[PDB]
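*Asks:* Got a structure for you, questions after.
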Amino acid sequence: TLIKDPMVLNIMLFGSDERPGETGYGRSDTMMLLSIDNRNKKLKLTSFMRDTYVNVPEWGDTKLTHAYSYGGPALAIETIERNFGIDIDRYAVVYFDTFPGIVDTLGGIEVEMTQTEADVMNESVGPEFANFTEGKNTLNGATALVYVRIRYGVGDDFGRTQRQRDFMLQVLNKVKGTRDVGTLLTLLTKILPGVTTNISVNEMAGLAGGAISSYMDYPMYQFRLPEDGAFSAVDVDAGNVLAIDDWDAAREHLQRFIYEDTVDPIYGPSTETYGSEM
């Protein structure tokens, strides 16, 4: 029933600034499918919004993020599969406290934002670390962590959701270009302390092999559900959610973006392309 290509490897990535509280699973606002598309030699990063109104197994209709709260990675995965119809292979949770290590090892990450970034940013760090402008500011590990947590009131909530999403795409893109072995090794070193994953050590080796020999040469595309036209922000019992008016289309678009021509038998050939090359 689920769309599954041997040549396309789906590893879900969770960005979490809340490790398991030791009853429970903590929390993850960010969800990002990595699709290693060996068929079309491409890397694809599909984001799913925190507040997407979805059907969680045994919990009915609710915010997508609640799946993780209630059941951790495993339930969130199952919710994605049931609502979107694709088969997730593996998953990895990466904690925000792992980030400083990552950034420094990469030698900075470049982001951008209005003169409001610089304010909240420059008046957050030391007056002598305050070095933020309007265009391209480079963050170090230290500032990165500040960057992804900063919230300018409750209206800037989505702005944080998106600062965190863009930050993550950056890191991934920058890791993607990175060719130096020592850097890569060290990057792994920065990650292990803050990673939970069902990927076996052996599978991790194969993937590091794949990445060096092939994967990092693939061009990389990103895509997001729900799409920009395709939802409303309705207030329900579960709170303020993002209702997708056309689920059949959400699925068609996602499954096309990842599997492309392989789903021609389900939806017929299309001339549409989804996502954007990074």
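Virtual Cβ from ideal backbone geometry, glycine too; neighbours counted across all protein chains shown. A short reminder: the numbers here are calculations on the coordinates, not readings from a lab.
*Asks:* With springs connecting C-alpha atoms under 10 Å apart, model the chain as a Gaussian network and identify which of 47, 16, 214 has the largest mean-square fluctuation.
*Replies:* Comparing 47, 16, 214 in the GNM, the peak value goes to 214.
*Asks:* Hey, can you grab everything whose amide H is under 5 Å from the amide H of residue 198? Only 5+ residues off in sequence or another chain; H modelled, so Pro and N-termini drop out.
*Replies:* Result for residue 198 returns 91.
*Asks:* P(r) for the stretch 132-278, please, calculated from all Cα pair distances in 10 Å bins and given in %.
*Replies:* 8, 25, 32, 27, 8, 0
*Asks:* So which of 41/174; 4/174; 63/190 end up more than 24 Å apart, counting from Cα to Cα?
*Replies:* 4/174; 63/190
*Asks:* Could you calculate the contour length gain from residue 19 to residue 87, that is, 0.36 nm times the residue separation minus the distance between their Cα atoms, to one decimal place in nm?
*Replies:* Using 0.36 nm per residue and subtracting the Cα-Cα distance, I get 21.9 nm.
*Asks:* Restricting things to Cα coordinates, could you compute the convex hull volume per residue of the stretch 1-277 in Å³?
*Replies:* 147
*Asks:* While we're on this one: How large is Rg/Rh for the stretch 201-278, to two decimals, with Cα atoms and a Kirkwood Rh?
*Replies:* 1.12
*Asks:* Whole-Hz Karplus ³J(HN,Hα) for the stretch 249-262, in order, using 6.51 cos²θ - 1.76 cosθ + 1.60 and θ = phi - 60°, x for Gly and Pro?
*Replies:* With coefficients 6.51, -1.76 and 1.60, one gets 7, 3, 5, 4, 5, 4, 5, 6, 3, 8, 9, 6, 5, 4 Hz.
*Asks:* Let me ask something else about it. Run through the stretch 146-239 and list the chymotrypsin sites (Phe, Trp or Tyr not before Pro) located in a DSSP loop whose Cβ has at most 15 other Cβ atoms within 10 Å.
*Replies:* Hits after loop and neighbour filter: 152.
*Asks:* Still on this structure, I have one more. Ordered by residue, what ³J(HN,Hα) values in Hz, to whole numbers, does the stretch 93-110 give under the Karplus form 6.51 cos²θ - 1.76 cosθ + 1.60, where θ = phi - 60° and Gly and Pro are x?
*Replies:* Per residue, the Karplus-derived 3J(HN,Hα) values read 9, 10, 8, 4, 6, 7, 5, x, x, 5, 4, 4, 4, 8, x, x, 10, 9 Hz.
*Asks:* Could you give the size of the charge dipole of the stretch 1-277 about its Cα centre, using +1 on the Cβ of each K and R and -1 on the Cβ of each D and E, expressed in debye and rounded to the nearest 20?
*Replies:* Charge dipole, the stretch 1-277, about its Cα centre: 820 debye, nearest 20.
*Asks:* Of 51, 166, how do they rank once you tally other Cβ atoms within 10 Å and put the fewest first?
*Replies:* Ordered by Cβ neighbours within 10 Å, fewest first: 166, 51.
*Asks:* What length, rounded to one decimal in nm, is gained on full extension from residue 131 through to residue 235, with 0.36 nm per residue of separation minus their alpha-carbon distance?
*Replies:* Value of the extension gain: 33.4 nm.
*Asks:* Add -39500 (n - 2.57) for each DSSP H run of 4 or more in the chain, then divide by its residues: what number comes out at 222 nm, to the nearest 500 deg cm²/dmol?
*Replies:* -12000 deg cm²/dmol
*Asks:* For the stretch 1-141, what percent of Cα pairs sit more than 22 Å apart?
*Replies:* Tail of the P(r) past 22 Å holds 53 percent of the pairs.
*Asks:* Let me ask something additional. Less than 19 Å from a label point 7 Å out along the Cα-to-Cβ axis of residue 59: which backbone N atoms in the stretch 243-264 qualify, by residue?
*Replies:* 243-244
*Asks:* Can you tell me which of 15, 229, 239 moves the most in a GNM of the chain? Springs connect C-alpha atoms under 10 Å apart.
*Replies:* Ranking 15, 229, 239 by mean-square fluctuation puts 229 first.
*Asks:* Related question: Scan the chain and report its longest stretch carrying no trypsin sites (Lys or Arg not before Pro) that are both in a DSSP loop and have at most 16 other Cβ atoms within 10 Å.
*Replies:* That would be 42-150.
*Asks:* Specify the residue with the greatest mean-square fluctuation among 93, 236, 148, computed from a Gaussian network of the chain linking alpha-carbon atoms under 10 Å apart.
*Replies:* 236
*Asks:* Please report the spacing between the Cα centers of the stretch 1-65 and the stretch 187-223 in Å, no decimals.
*Replies:* Each part reduced to its Cα centre gives a spacing of 16 Å.
*Asks:* For residue 110 and residue 40, FRET efficiency with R0 = 22 Å and r from the beta-carbon atoms, rounded to 0.05?
*Replies:* The calculated FRET efficiency here is 0.15.
*Asks:* Then there is this: Which cross-chain or sequence-distant (5 or more) residues have an amide H under 5 Å from the amide H of residue 243, H modelled 1.01 Å from N in plane?
*Replies:* Amide H neighbours of residue 243: 53, 232, 234.
*Asks:* A follow-up question, please. Given R₀ = 51 Å, FRET efficiency for residue 119-residue 214 by Cβ-Cβ distance, to 0.05?
*Replies:* That gives a FRET efficiency of 0.70.
*Asks:* Per residue of the stretch 205-213, what does 6.51 cos²θ - 1.76 cosθ + 1.60 with θ = phi - 60° give for ³J(HN,Hα)? Whole Hz please, x for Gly and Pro, Karplus curve as stated.
*Replies:* 5, x, 6, 5, x, x, 5, 6, 5
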